[PDB]
């Protein structure tokens, strides 16, 4: 499947919230198939079809079992991937990625469920396959990278080499040998995020959070070893900045519009246009770090979080369309994992009989 490596887009509608409900908000979204929805409102109207659409009744386990679980199998097999949670503030990005509390069984989101599955597979693997797992947790705000596991470092640099790709130099990576150790890592990172949001004059809705899991596996009988990494991204709010509606700071720092949550849109536009191979990954550190996830070597899933309320019809339409544009993007289908071959040949040479 060299072309079936398209970006998966799933839409998730949460129930209306208090402000919508008590402001005269009404449902404007109807569901057709398990992959289609229809909006009918003053500033909406339209029919959209994605790889999957979850209605207001769908629970956390549904999200995971119907569109995320397959991703864990990919990383466990040496493939790289990324899962994005996109949408306006209050749409359900964090709830979907981390959940209300990772300690509330029903309310826990994608990430903790991914970790459980990873350790469950590892533990049931043949003694012949030895695994290693390590995590990183960072936050990007105003184009500055903060290590949520080593908070003092709040301006980490981004580096890049031909023989390695893009990485954050100095980012702490912690080996974890159990579901419990990783869970505490998630709690620590959450704590660090609240600290920044509370004491650093930083808008929590305008920062991106990235959880990185890297799994290495070695077949001790063949001496062959490979790895796969998964980036779990909770993006900043996608609503229009307008520098007029939330008490804007200095008009300069209002470079918010230029930020990654804009660089992401420009990157998506360029890829869907396809007339130029010069995609603007550099417009932001987010898009540089995740450049392979957009048009490169990666199994990518985009979760667009939407409100089903007429109160937020305009933003929900903007989000759906964005999701529609990302849908037509095809990712690079090269470099599998273990030798079998994982395809039909995978030996790009030329001839060289000698």
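Numbering follows the first chain given and starts at 1.
J.: Quick check: 189 to 197 versus 154 to 162, which has the larger average CA B-factor in the record?
T.: Taking the mean B-factor of the alpha carbons in each, 154 to 162 is higher.
J.: I need to verify one thing: averaged over C-alpha atoms only, is the B-factor higher for 306 to 314 or for 38 to 46?
T.: According to the entry, 38 to 46 carries the higher average C-alpha B-factor.
J.: Pick out which of 149, 254, 135, 122 has the highest C-alpha B-factor in the PDB entry.
T.: Highest CA B-factor of the listed options: 254.
J.: Among the choices 170, 223, 248, 237, identify the one whose CA B-factor in the record is greatest.
T.: Of the options given, 248 has the highest CA B-factor in the PDB entry.
J.: Split the chain's modelled residues into thirds by Cα B-factor; is residue 71 in the lowest, middle or highest one?
T.: Its C-alpha B-factor belongs to the highest third of this chain's values.
J.: Is residue 228 in the lowest, middle or highest third of its chain when residues are ranked by C-alpha B-factor?
T.: Middle third.
J.: Quick one: classify residue 328 as lowest, middle or highest third of the chain based on its Cα B-factor.
T.: It belongs to the highest third of the chain when residues are ordered by C-alpha B-factor.
J.: Where does residue 282 sit by CA temperature factor within its chain: lowest, middle or highest third?
T.: For residue 282, the deposited C-alpha B-factor lands in the highest third.
J.: Thinking about Cα B factors across the chain, which third does residue 319 belong to?
T.: Answer is middle: the recorded C-alpha B-factor places it there.
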